[PDB]
Amino acid sequence: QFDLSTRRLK
Amino acid sequence: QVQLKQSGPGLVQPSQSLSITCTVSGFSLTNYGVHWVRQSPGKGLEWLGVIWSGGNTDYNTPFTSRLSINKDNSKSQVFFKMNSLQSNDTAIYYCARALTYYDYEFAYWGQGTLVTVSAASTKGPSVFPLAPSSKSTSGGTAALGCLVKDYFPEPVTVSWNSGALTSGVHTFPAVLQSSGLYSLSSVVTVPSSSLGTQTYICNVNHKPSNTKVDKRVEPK
Amino acid sequence: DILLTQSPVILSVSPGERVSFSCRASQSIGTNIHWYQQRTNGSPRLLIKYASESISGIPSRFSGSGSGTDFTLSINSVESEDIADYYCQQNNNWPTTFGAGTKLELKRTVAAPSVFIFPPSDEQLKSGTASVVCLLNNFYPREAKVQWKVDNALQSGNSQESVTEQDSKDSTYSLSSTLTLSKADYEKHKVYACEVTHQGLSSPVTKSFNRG
């Protein structure tokens with residue numbers, strides 16, 4: 001799932 | 001070189017409309033199509049549409065009615081406008097360009113625009129120092145930082161000494177507090193013997209609220 | 001639309017090892033597939049186009065193969081800067097679609113955190129709120145416990161943690177734990193303690209201070 005804060009999949 | 005620079009991040013009220021401007025350089029809009037892609041938690045990467053060299057547009061099927069892309073060739077600007085945003089439209093929005101004028105292999109991307117869809121209000125952060133001390137020094141290395149508290153929406157940019165200090169810097173991902181405001185720290189480790197000689201300043205820029213603060217961080 | 005399925009969700013490898021990313025398509029798409037790298041806080045960077053063709057400025061260690069429904073992005077010898085998410089894109093069928101991505105994590109040797117503690121600033125106290133920050137710097141692996149104690153009372157539920165993405169240079173993580181109080185509560189107590197547990201430490205490390 002993509003995380004807008006880090007721009008990474010978490 | 002080839003560059004795409006998008007407008008700043010911001011908050012958009014639910015049911016309201018989103019506007020982003022993609023300003024290009026290093027090529028001409030009359031020769032290349034410009035594509036729009038977004039990246040959400042729900043759907044990941046998702047191609048939205050394109051405006052071609054000659055001004056024609058295609059819109060991905062789910063967006064034909066709420067999406068318009070326009071441009072000004074002489075100004076090298078492409079304008080994205082989406083209507084009736086719901087909260088799951090919260091995403092990073094990119095403009096992109098392919099290698100060849102008709103293709104879709106996106107070799108050049110904008111920096112992205114984080115758009116938050118929420119009913120709340122924009123609020124700038126307060127910046128507090130994380131002062132170096134003996135409790136933050138080991139083997140001639142001191143840790144120090146800035147606490148960037150109570151802002152909305154994401155993102156906030158943090159740098160040190162106006163860009164000249166980058167090594168040993170950790171800026172933590174923001175966390176949402178019960179208040180619905182975000183908070184983060186940015187830290188950096190330096191040689192402790194430089195504390196008496198060098199100034200340390202975190203530069204905080206919260207674009208959505210147009211708040212820029214430089215916080216000098218000193219031993220106490 | 002074509003569904004692209006990337007497997008697995010997460011890869012964990014050691015530097016120098018070869019690594020492979022899989023992309024499967026819901027029907028044949030020939031060789032119409034592109035691959036991208038997304039680094040922490042970055043935009044997608046194009047790695048390979050049309051299954052196997054190279055891109056200007058992309059290190060040679062990157063390559064791709066496949067046709068039909070089954071495709072592979074390879075790194076022949078992983079470096080720490082390869083820490084990223086990887087996405088495939090098909091464009092045989094309109095509209096162009098992307099896979100959900102695979103995360104590349106790097107292993108390294110255990111590294112114990114350096115632990116620093118920061119009292120609330122006088123500046124913050126004027127606002128009537130107190131933040132006590134405990135920093136765990138450059139450690140591996142990611143798992144760690146932080147236990148707050150105020151005058152020996154165990155704290156629970158009044159702290160938040162943030163962990164950085166993996167470091168592109170040394171493959172470590174850093175963690176912050178922030179204990180939040182009112183000014184009034186903070187002034188009522190003396191000893192603020194942050195206890196850290198991690199695989200790299202032979203015993204829990206405690207950093208603390210006395211208010212004033």
Side-chain angles (χ1 to χ4, degrees), chain B residues 4 35 37 39 43-49 58-61 92 94 96 98-99 103-112 126-139 141-145 147 149-150 155 167-168 170-177 183-185 187 189 215 220, chain C residues 1 32-34 36 38 40-46 48-50 53 55-57 85 87 89-91 94-101 114-125 127 129 131 133 135 137-138 160-165 167 172-176 178 180 207-209:
Chain B
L4 297 83
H35 295 251
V37 171
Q39 200 173 8
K43 287 200 191 179
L45 290 157
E46 180 170 37
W47 176 87
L48 303 172
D58 305 315
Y59 302 131
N60 202 349
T61 292
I92 299 164
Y94 309 94
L99 261 186
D103 215 336
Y104 291 76
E105 75 282 75
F106 306 120
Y108 309 96
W109 294 72
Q111 81 269 31
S126 326
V127 187
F128 307 116
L130 299 161
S133 72
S134 301
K135 292 300 169 159
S136 86
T137 297
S138 196
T141 294
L144 64 95
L147 166 61
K149 196 175 193 298
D150 290 343
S167 162
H170 298 298
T171 296
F172 294 96
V175 310
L176 188 53
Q177 301 159 109
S183 191
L184 72 79
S185 280
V187 295
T189 42
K215 181 86 228 173
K220 192 154 82 195
Chain C
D1 309 353
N32 220 305
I33 176 166
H34 313 311
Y36 303 79
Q38 189 169 38
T40 299
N41 294 128
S43 301
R45 177 213 188 176
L46 184 64
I48 299 292
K49 67 189 169 89
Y50 295 98
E53 313 182 347
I55 307 293
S56 150
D85 303 320
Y87 293 94
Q89 175 207 3
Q90 71 79 20
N91 193 43
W94 189 96
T96 183
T97 46
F98 292 84
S114 305
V115 183
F116 312 91
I117 188 174
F118 298 98
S121 65
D122 289 320
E123 296 77 337
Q124 186 185 19
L125 298 179
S127 83
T129 293
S131 293
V133 173
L135 169 71
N137 212 37
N138 309 337
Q160 302 189 295
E161 289 182 3
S162 186
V163 186
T164 62
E165 286 306 319
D167 196 280
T172 62
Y173 294 99
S174 277
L175 184 150
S176 71
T178 307
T180 308
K207 288 291 173 148
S208 54
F209 66 91

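Each chain gets a letter, A, B and so on, in the order the sequences are listed, and its residues count up from 1.
Chosen from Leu135(C), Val133(C), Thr180(C), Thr129(C), the residue pairing most often with chain B at heavy-atom distances under 4.5 Å is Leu135(C). Of the listed residues (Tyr50(C), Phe118(C), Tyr87(C)), the one with the most heavy-atom contacts under 4.5 Å to chain B is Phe118(C). By number of non-hydrogen pairs under 4.5 angstrom with chain C, the leading residue of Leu45(B), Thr141(B), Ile92(B) is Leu45(B). Counting heavy-atom pairs closer than 4.5 Å to chain B, the top-ranked of the candidates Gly101(C), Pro95(C), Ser174(C), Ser131(C) is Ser174(C). Residue with the most contacts toward chain B among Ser56(C), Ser176(C), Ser121(C), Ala100(C): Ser176(C) (heavy-atom pairs, distance under 4.5 Å). For the options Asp122(C), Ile55(C), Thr97(C), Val115(C), heavy-atom pairs under 4.5 Å to chain B are most numerous at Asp122(C).
In this structure, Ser136(B) contributes its side chain and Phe116(C) its backbone to no donor-acceptor pair below 3.5 Å. Between the side chain of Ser43(C) and the main chain of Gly110(B), a donor-acceptor pair closer than 3.5 Å is present.
Between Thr178(C) and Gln160(C), the side chains place no donor N or O within less than 3.5 Å of an acceptor N or O (distance only, hydrogens not considered).
If you measure heavy-atom distances from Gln89(C) to chain B, the contacts under 4.5 Å come from the side chain alone. For a residue to count as touching a neighbouring chain, one of its non-hydrogen atoms must lie under 4.5 Å from one of that chain's; by this rule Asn41(C) does not touch chain B. Contacts of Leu184(B) with chain C are absent, with no heavy-atom separation under 4.5 Å from either backbone or side chain. Only the side chain of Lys149(B) has a heavy atom closer than 4.5 Å to any heavy atom of chain C. With a 4.5 Å cut-off on non-hydrogen atoms, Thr137(B) touches chain C through its backbone but not through its side chain. In this structure, no portion of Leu48(B) lies under 4.5 Å from any heavy atom of chain C. For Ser114(C), no part sits under 4.5 Å from any heavy atom of chain B, backbone or side chain. For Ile117(C), the parts sitting under 4.5 Å from any heavy atom of chain B are the backbone and the side chain alike. Residue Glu165(C) does not touch chain B at all, counting heavy-atom pairs closer than 4.5 Å. When heavy atoms are compared at a cutoff of 4.5 Å, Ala131(B) approaches chain C solely by way of its backbone atoms N, CA, C and O.
For the pair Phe98(C) and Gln39(B), the minimum side-chain heavy-atom distance is 4.5 Å or more.
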Side chain to side chain contact (heavy atoms under 4.5 Å, CB included) between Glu105(B) and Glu53(C), worked out: CA-CA 11 Å; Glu105(B) 75 282 75; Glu53(C) 313 182 347; over 6 Å; no

Between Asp150(B) and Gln177(B), does a side chain to side chain donor-acceptor pair (under 3.5 Å) hold up when you go through it step by step? CA-CA 8 Å; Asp150(B) 290 343; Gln177(B) 301 159 109; 2.9 Å; yes

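Using a 30° and 60° split on the angle between ring planes, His170(B) and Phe172(B) fall in the tilted class, from 30° to 60°. Using cut-offs of 30° and 60° for the angle between ring planes, the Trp47(B) and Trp94(C) rings count as perpendicular.
Of the options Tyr104(B), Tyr94(B), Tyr108(B), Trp109(B), a ring pair (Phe, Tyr, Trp, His ring centres under 6.0 Å) to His35(B) is made by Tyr104(B) and by none of the others.
For the atom pair CD1 (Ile33(C)) and OG1 (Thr96(C)), the distance works out to 10.0 Å, reported to the nearest 0.5 Å.
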